[PDB]
Structure formats: structure tokens, C-alpha cells
Amino acid sequence: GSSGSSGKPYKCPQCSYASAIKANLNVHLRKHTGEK
Ligand SMILES: [Zn+2]
Numbered sequence: 001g002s003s004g005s006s007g008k009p010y011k012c013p014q015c016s017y018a019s020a021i022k023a024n025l026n027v028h029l030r031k032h033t034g035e036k
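Counting along the sequence shown from 1, when you hit position 23 you're at 23 in PDB author numbering, and nothing is skipped either side.
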């Protein structure tokens, strides 16, 4: 196996999380911008 990285541009500023869609990162950040 010789594969590189995922190439996913939209990455979390707090996690190792990445996605191919800006709105998927937007939903992920709603958990970082507030709670309870
Ligand atoms: Zn995150």
C-alpha cells in the first residue's frame, strides 16, 4: 500500500477532523463554538 493523505481541505482548528465540504466542517464547529 502506497497511498498518501485524504486530500480533504476543510480541517478543524481543534481536532484531526477533515472533510471535502465546508458545511460538514460548519456542523462540526457548532460543537466548538458553544455547549449546553
Ligand atoms: Zn473539531
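From the three backbone atoms N, C-alpha and C, an ideal C-beta is built for every residue, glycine too.
Can you pull the DSSP bridge partners for residue i?
| i | result |
| --- | --- |
| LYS11 | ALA18 |
For ligand 1, I want to know if residue i counts as a neighbour, meaning its beta carbon is within less than 7 Å of at least one of the ligand's heavy atoms.
| i | result |
| --- | --- |
| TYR17 | yes |
Report yes if the C-beta distance between residue i and residue j is below 8 Å; otherwise report no.
| i | j | result |
| --- | --- | --- |
| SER19 | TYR10 | yes |
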